[PDB]
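Listed below, chain by chain, are the residues.
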Amino acid sequence: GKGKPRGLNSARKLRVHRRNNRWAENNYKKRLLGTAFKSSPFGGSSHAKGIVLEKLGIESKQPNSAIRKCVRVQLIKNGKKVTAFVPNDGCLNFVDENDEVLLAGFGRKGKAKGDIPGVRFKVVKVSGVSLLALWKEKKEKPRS
Amino acid sequence: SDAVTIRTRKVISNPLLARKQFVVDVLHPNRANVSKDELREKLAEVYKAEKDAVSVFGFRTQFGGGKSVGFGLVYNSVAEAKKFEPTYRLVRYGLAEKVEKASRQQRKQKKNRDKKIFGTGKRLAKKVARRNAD
Amino acid sequence: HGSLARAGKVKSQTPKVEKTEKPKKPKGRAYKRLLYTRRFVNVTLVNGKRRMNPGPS
Amino acid sequence: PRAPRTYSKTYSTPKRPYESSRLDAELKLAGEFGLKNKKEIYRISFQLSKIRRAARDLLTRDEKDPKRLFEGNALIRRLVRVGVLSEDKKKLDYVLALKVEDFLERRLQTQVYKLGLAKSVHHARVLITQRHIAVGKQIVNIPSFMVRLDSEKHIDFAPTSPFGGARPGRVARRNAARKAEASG
RNA sequence: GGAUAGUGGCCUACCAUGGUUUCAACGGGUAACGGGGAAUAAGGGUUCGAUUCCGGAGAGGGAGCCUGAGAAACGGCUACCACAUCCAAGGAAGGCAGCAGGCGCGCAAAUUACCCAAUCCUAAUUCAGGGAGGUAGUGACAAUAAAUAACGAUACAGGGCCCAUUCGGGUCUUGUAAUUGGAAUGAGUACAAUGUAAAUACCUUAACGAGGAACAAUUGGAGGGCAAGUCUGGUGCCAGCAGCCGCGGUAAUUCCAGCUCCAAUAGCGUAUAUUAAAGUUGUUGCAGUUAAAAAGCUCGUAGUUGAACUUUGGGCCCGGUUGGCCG
């Protein structure tokens, strides 16, 4: 009998069973409860500007050993505080104290990339200027 | 233009505007283009009308040069042409003069300024002058 | 082990050799033609299998 | 506001982007047909896919169905008119048999090369884009211009081009002036 | 019975005690205007639709109402609320979610430009008005086509092969080049003409406009997925890279660079959302002994489902279809 109702007038039972079982699906439940809107630091936005509160060194997870360079940053639009990796060599020097930075995700949706523990966001633009532009010297940080 | 041999197609006559209208094309090999005057004079002589009586417009030069197509409109009289053509096309043809209406923003400003005044305002001008003197 | 300063160590320590001037490579269809001769008619790249960037052995 | 101006894409990038077999095969087509990008290959393959999809629909349709006859006749007619198909292979299944090289062969590049006006396909493309070729009697400088099965009789040098009997170009004219000045 | 333009608990008066609900009433949330539709799919489907069309609703909130045929009208009035403007301090005057434009907000979105020439609209009306609308500007949101170079001779070095007077020049080489030549052109200027309401562009075309240092194509990548480096220098679990596995602890094919190569190419990457992949939502089409999952067991209402049986077969024609008998 395969456990599910087969009868021709049983569409209601199948529909509510499907509804009751849809909730065990990870992304669907998040979409309906609006957790991305409600709880996620960006409120569903792909990017968000914030002020760097402080610089941070975060030791990498095993088997790797290094100190990834991050920043504790308070978002403009929520006030929520987020750690953000500064994704290139020596770019932690470009990020000073109290700059306005742009933050983007790490690609691993709402998760942590690789060996960096708990850092779910990365800085993209520093004081309105691009990190890789600064890192390849195609632009100069205004320093103001 | 060298070997214009201007051709005219779909030459339907409209007594409503009292004219003959056709799709005109001009072949101008080895020459860039042909102008309004040179088109109108040739069309005028072939249709037995004055240079002004015939109107042509909408000339798009087809790729590679060689020929263009426009729209031709030969009227039954100069008076018919004067009544029926738009003023922009008449001044385009040089027969008429550009109307001297002011810009839209200045024109609209005039409307809204005079909207604030009820009637002639001659009495108001006298009263404002008396108070300003006072 | 351990550093919050000295960020940018190898990036600043690398001895920068500038790019060598060279004839500009063709663009577009010219470049595709260049690839075609490089990888089909100049069969001189096979060592047994058609390598594309062999090392200077 | 205005009614919307419709538009659509003409190509479909492949799934599994890095099959070495497909990359090598498509570069062979690009090299032998003088294409500029893989976009041309994608466009022709998208076009062939569309025609093959329509032909497959109509071929599994029942015989002498009015829809099959009308649609199939139209499909084969434009195919043979563009010349990609051939009149000996008039039946509908031959459309399924078609390959991207067939459309490429009927492109304006290769027809100019096959008519002998060009030194090669790349020389052909330069000649087309520089407004030196002409179909019917009109300059055409789209290399992808499909030639109907009747316009091969009209493809030759443009009357406006120096190779069509026109004014002796620009650099030759400049060099002629320099020669006259140096001899002056 | 009032009221309505008009039906009606729309309202009033008397009366009866009814109406909806586990076939999900009522209540809450909606990061919800509805639809035609959009994206993506073998089939089923999943997600999106503020937004060019249709239909609703609003002019900051809320109400009230004049004129008119049509208004709860707000580019109309009244009051209150909240804002906010000028006063000579008594008064007065406003609603951009119209067009531009400014601030704020944010990741996130343009000119305080020209015009009624179209398409239409309105008026007493062929003539006027129309930030409706069109034109231009901004504009890498998207889609279309498509430049960034072609050709010859020698030098360079072999393969078909005239003869193999080899395999020589190499006849046709095909490629390699700091070899050299002429030839073509557009991008951009530009007389002009068309184009336009007037223009700007497009389309056309005099004059000018390629030889590299030029008129220079980038964006990502080279360990596997996923084709492209066992090449060189630097760092030495540091810096860093890496979607995942992983690389790096003085011989790094993975970091920083050079060279070389690869992919897509006026495009390429990145973040988020979403779809196919996903038979990981399973109606088609999942799984439940051990991987997560059979309630401790039974009763039972709603629900779903539920044994067989009732006119059959046979004769009589007609007329349509595939046709083939028959050319």
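Residues numbered from 1 in each chain as written, not as in the entry; some residues may be left out. Chains lettered and ligands numbered in written order. Part of a larger assembly, values for the part shown. Heavy atoms only, no water. Residues with missing side-chain atoms left out of burial classes, pairs and counts.

- By the method listed in its record, cryo-EM, this PDB entry was determined to a resolution of 3.22 Å.

### Some points on the protein's contact with RNA strand E
For step 1, the next point in the chain: Around RNA strand E sit 146 residues in total, of which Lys2 of chain A, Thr61 of chain B, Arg51 of chain C together with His132 and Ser144 of chain D are the nearest.
For step 2, the next point in the chain: Across the atoms of RNA strand E situated within 4 Å of the protein, the share located in sugar and phosphate is 80%.
For step 3, the next point in the chain: Residue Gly114 of chain A places a main-chain N or O atom 2.9 Å away from a phosphate oxygen belonging to RNA strand E.
For step 4, the next point in the chain: One nitrogen or oxygen atom from the main chain of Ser3 of chain C is found 3.4 Å from a phosphate oxygen belonging to RNA strand E.
For step 5, the next point in the chain: A per-element tally of the surface near RNA strand E places helix α2 (residues 29-41) of chain C first, with ten residues. (Near = heavy atom within 4 Å. Polar contact = N/O pair within 3.5 Å; in protein donor to acceptor, adjacent residues only side chain to side chain. Helix = DSSP H or I, 4+ residues; strand = E, 2+ residues; numbered from the N terminus.)

### Some remarks on the nonpolar core
For step 1, the next point in the chain: Counting 23 residues, the largest nonpolar core has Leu79, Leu85, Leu92, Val95, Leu98, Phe103 and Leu104 of chain D as the members making the most contacts within it.
For step 2, the next point in the chain: Elements with a contribution of two residues or more to this core: α1 (20-33), α2 (38-60), α3 (66-82) and α5 (100-106) of chain D.
For step 3, the next point in the chain: For this core, the element with the highest residue contribution is α2 of chain D, accounting for six residues.
For step 4, the next point in the chain: Residues in contact with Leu98 of chain D, not counting those within four places in the same chain, are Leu48, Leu79, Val84 and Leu85 of chain D.
For step 5, the next point in the chain: With 20 residues, the next largest nonpolar core counts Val52, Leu75, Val82 and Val101 of chain A among its residues. (Core = buried A, V, L, I, M, F, W, Y, C linked by side-chain atoms within 4.5 Å. Buried < 20%, exposed > 50% of the residue type's maximum accessible area, 1.4 Å probe, protein only. Contact = heavy atoms within 4.5 Å.)

### Some points on the side chain of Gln109 of chain D
All names here are of chain D.
For step 1, the next point in the chain: Counting through the fold element by element, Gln109 comes out in helix α6 (residues 108-114).
For step 2, the next point in the chain: When its relative accessible area of 0% is taken as the criterion, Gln109 is described as buried.
For step 3, the next point in the chain: Not counting residues up to four positions away in its chain, the partners in contact with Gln109 are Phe33, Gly34, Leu35, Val121, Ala124, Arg125 and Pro143.

### Description of unusual backbone geometry
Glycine aside, a negative phi is what most residues show, and trans is what most peptide bonds show.
For step 1, the next point in the chain: The peptide bond linking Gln62 of chain A to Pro63 of chain A adopts the cis configuration, its omega dihedral lying at 5 degrees.
For step 2, the next point in the chain: Here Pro63 of chain A lies in the loop between β1 (47-59) and β2 (67-75).
For step 3, the next point in the chain: Positive phi is not limited to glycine here, since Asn30 of chain B has a value of about 70 degrees.
For step 4, the next point in the chain: Within the element layout of this structure, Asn30 of chain B appears in the loop between β3 (19-28) and α1 (36-47).
For step 5, the next point in the chain: Among the residues examined, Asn30 of chain B registers a relative accessible area of 84% and is labelled exposed.

### Quick word on the sheet that holds strand β2 (residues 138-139) of chain D
Residue and element names in this part refer to chain D.
For step 1, the next point in the chain: Pairing is antiparallel in the open sheet, where three strands are placed in the order β2-β1-β3. Pairing within the sheet leaves two strands with one partner each, and these edge strands are β2 and β3 (156-157).
For step 2, the next point in the chain: Strand direction decides the pairing type here: strand β1 (residues 133-135) and β2, joined by two bridges, are antiparallel. Across the sheet, residue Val135 finds its bridge partner in β2, namely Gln138. (Pairing = 2+ DSSP bridges.)

### Focus: the interface of chain A and chain C
For step 1, the next point in the chain: At the interface, nine residues of chain A touch eight residues of chain C.
For step 2, the next point in the chain: Summing the contributions of chain A and of chain C, the shared interface buries around 620 Å²; its carbon and sulfur component is 66%.
For step 3, the next point in the chain: Among the residues chain A hides against chain C, the three largest losses belong to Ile67, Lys69 and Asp89 of chain A. Together they make up 52% of the total.
For step 4, the next point in the chain: The interface formed by chain A and chain C includes zero salt bridges. (Buried area = accessible area lost by both parts, 1.4 Å probe. Salt bridge = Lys/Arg side-chain N within 4 Å of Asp/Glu carboxyl O.)

### Some points on the pattern of salt bridges
Charged atoms that come close allow side chains of opposite charge to pair.
For step 1, the next point in the chain: Evaluated as defined, the whole model comprises 20 salt bridges over all chains.
For step 2, the next point in the chain: The salt bridge involving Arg68 of chain A is made with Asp115 of chain A; its shortest N-O contact spans 2.2 Å. You can see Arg68 of chain A sitting in strand β2 and its partner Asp115 of chain A sitting in the loop between β4 (100-105) and β5 (121-126), a full 47 residues away along the chain.
For step 3, the next point in the chain: Two residues, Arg89 of chain B and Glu85 of chain B, come together in a salt bridge whose shortest N-O distance is 3.3 Å. As far as burial versus exposure is concerned, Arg89 of chain B and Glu85 of chain B are alike and both buried.
For step 4, the next point in the chain: A single salt-bridge network, built from bridges that share partners, covers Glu19, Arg22, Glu26 and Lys38 of chain D.

### Some points on the interface of chain C and chain D
For step 1, the next point in the chain: Of the residues lining the interface, ten residues belong to chain C; the matching set on chain D comes to 14 residues.
For step 2, the next point in the chain: Summed over both sides, the interface of chain C with chain D buries roughly 1,100 Å², with 62% coming from carbon and sulfur.
For step 3, the next point in the chain: Together, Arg29, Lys32 and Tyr36 of chain C form the three largest contributors to the area buried by chain C at its contact with chain D, with a combined 57%.
For step 4, the next point in the chain: At the junction of chain C with chain D, the criterion picks out one salt bridge.
For step 5, the next point in the chain: Between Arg50 of chain C and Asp24 of chain D there is a salt bridge; the shortest N-O distance is 2.8 Å.
For step 6, the next point in the chain: Here chain C and chain D share four residue pairs in polar contact between them.
For step 7, the next point in the chain: The residue makeup of the side of chain C that touches chain D, split by class, is four nonpolar, one polar and five charged. (Nonpolar A, V, L, I, M, F, W, Y, C, P; charged D, E, K, R; others polar.)

### Quick notes on the pairing of β1 of chain A
Residue and element names in this part refer to chain A.
For step 1, the next point in the chain: Sheet topology places β1 next to β4; five bridges connect them, and they run antiparallel. Residue pairing across strands places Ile51 opposite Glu100, the latter belonging to β4.
For step 2, the next point in the chain: Two strands pair when backbone bridges link them, and β1 and β2 are joined in this way by nine bridges, in the antiparallel orientation. Looking across to β2, one finds that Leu56 is bridged to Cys70.

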